[PDB]
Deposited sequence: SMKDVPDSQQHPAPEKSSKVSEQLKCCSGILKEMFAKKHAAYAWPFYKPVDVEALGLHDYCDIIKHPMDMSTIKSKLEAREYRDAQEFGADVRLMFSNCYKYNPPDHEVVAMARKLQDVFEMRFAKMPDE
């Protein structure tokens, strides 16, 4: 029940290869069928589930990743790919393998792995 930092104020700023990551995010954001989960921060009171945040200490969502990509918070691409991978990994812990959400995430993770192999 707390939003992750979308933009900082004291960090340095660099602009290299993060433009390519914006094209990757554009392919997943808009694929778009299963993007509406993991779009915005997971909402525990509306879902009724009062155990999600206790199971997953770190909250990562596509929109948070987008806001950090615009304020140039990331100085290295690795931190982004780690954050995207963390979003998928968290889903696989709370949800069982037969759940549809686990099937949705797999398709996105396949697209993400394909596009992140054309790094410049």
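Stretches of the deposited sequence absent from the structure, as judged by C-alpha coordinates, are 1-6, 37-38, 129-130.
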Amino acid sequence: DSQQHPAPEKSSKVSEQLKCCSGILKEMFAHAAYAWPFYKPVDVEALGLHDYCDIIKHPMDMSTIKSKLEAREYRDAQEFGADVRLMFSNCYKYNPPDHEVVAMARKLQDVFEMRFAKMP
From here on, numbers count along this sequence of modelled residues.
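Each form is matched to the other, and the largest set of C-alpha atoms that superpose within 1.5 Å is called the rigid core.
Superposing the other copies on the rigid core and comparing 85-93 to 34-42, farther C-alpha placement in 7 other deposited structures of this protein marks 34-42. Farther on average from this form in 7 other deposited structures of this protein lies stretch 45-53, the comparison being between 60-68 and 45-53 by RMS Cα distance after core superposition. Note on 109-117 vs 2-10: mean CA B-factor is higher in 2-10. Per-stretch averaging of Cα B factors for 18-26 and 97-105 places 97-105 on top.
Per the deposited coordinates, the residue with the largest Cα temperature factor out of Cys53, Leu69, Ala35, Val84 is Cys53. Per-chain ranking of the deposited C-alpha B factor places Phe88 in the lowest third. Among the modelled residues of its chain, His58 has a C-alpha B-factor that falls in the lowest third, as given in the PDB entry. Among all modelled residues in its chain, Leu49 ranks in the highest third by Cα B-factor. Residue-level temperature factors show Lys40 in the middle third of its chain, judged at the C-alpha atom.
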